[PDB]
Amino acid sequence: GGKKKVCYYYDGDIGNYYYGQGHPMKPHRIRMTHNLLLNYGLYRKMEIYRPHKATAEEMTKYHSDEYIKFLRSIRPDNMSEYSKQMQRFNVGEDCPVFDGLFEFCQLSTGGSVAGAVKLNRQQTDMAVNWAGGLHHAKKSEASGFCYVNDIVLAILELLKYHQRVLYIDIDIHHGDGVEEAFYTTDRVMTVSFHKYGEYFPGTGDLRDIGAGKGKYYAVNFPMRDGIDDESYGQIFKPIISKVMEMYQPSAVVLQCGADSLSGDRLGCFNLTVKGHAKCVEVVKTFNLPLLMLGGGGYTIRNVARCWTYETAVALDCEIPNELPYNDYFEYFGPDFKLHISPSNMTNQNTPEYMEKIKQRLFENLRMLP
């Protein structure tokens, strides 16, 4: 038990990067998150660090030299000359070229790798990088608004000191970039809960379980539209408890993508901030070194609420539902409260469905040594 030492990573420049008019990814939400939790006074309880800008050397621990060299070079002013290379690396539409793109990648990545180093040195119990969690980026390809996979890079850092690392992903989307990087090893177990069925990125079937040495070390829980706190609570603690029992990791990475929240502009789930944060509480109780990362989230007032509350959860610090004044106070109307209510959308996930999928995953976990 006991309260944990928390190190938190934030660069105030992050909020000034702009994906372009109408693009749903708003890096400003990270600044909103920071400003809200500062105004709750959570800076009194944790160490706040500014991450370094991760280097191309650091990024090619996973990504190919040619992809990182492209990301270093491409700019809005030289786009027309790179039209062939942009298609090769899936840059240009959902993953646009914008001013400062490579510096933006260096910032999100630097916080995750810095947090992993801090955990490796046993200088913190938990490290938090809300700017991170870019689980879709591939070895040589951007995808799903992500360019550089900070998670894979951070896990590679943890693996220097940890035989087994557990990755848990509560973003509404399948963590395909992370699962793919570690699909054939048993040194990382990936566990993703996600909407599945004609949904981005198209992977994460129940029956994708890993390959080779990694067979049974990939776990996927496919879900339907409208899942609520009750349905998620049916299955999250039982599955993570069984994973902990069988896999016995020595470090954990938790991707806390907030596009699984009720009312997300892009997502189709119905979780509240309390139900989302219950996952952090569950993982926290195993008392393992823990890297907590951001992810998706497109209704940015709810992103700020979610990650502020989950920072408080990490700190075992109770905070009031009445929002303190802050630089973005108008975003939180008309209620100006921290917690959110679910919508009346139908939950397509029946209780029988939840239990059945869980039972099938339990069968797979029995195949571990």
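Each residue number is its position in the shown sequence, starting from 1.
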Mind pulling up the entry and telling me whether 210-218 or 256-264 has the higher mean Cα temperature factor?
210-218
Name the higher of the two by mean Cα B-factor in the PDB entry, 38-46 versus 301-309.
38-46
Considering only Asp125, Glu230, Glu179, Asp169, which residue's Cα atom bears the greatest B-factor as recorded?
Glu230
The residue of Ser250, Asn149, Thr190, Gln106 with the maximal C-alpha B-factor according to the PDB record is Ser250
Split into thirds by Cα B-factor across the chain's modelled residues, where does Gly204 land: lowest, middle or highest?
middle
Relative C-alpha B-factor of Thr33, binned into the chain's lowest, middle or highest third
lowest
Report the third (lowest, middle or highest) to which the CA temperature factor of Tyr161 belongs, ranking only the modelled residues of the same chain.
highest
Using only modelled residues of the chain, where does the Cα B factor of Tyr17 rank: lowest third, middle third or highest third?
highest
Compared with the other modelled residues in the chain, in which third is the CA B-factor of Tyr82?
highest
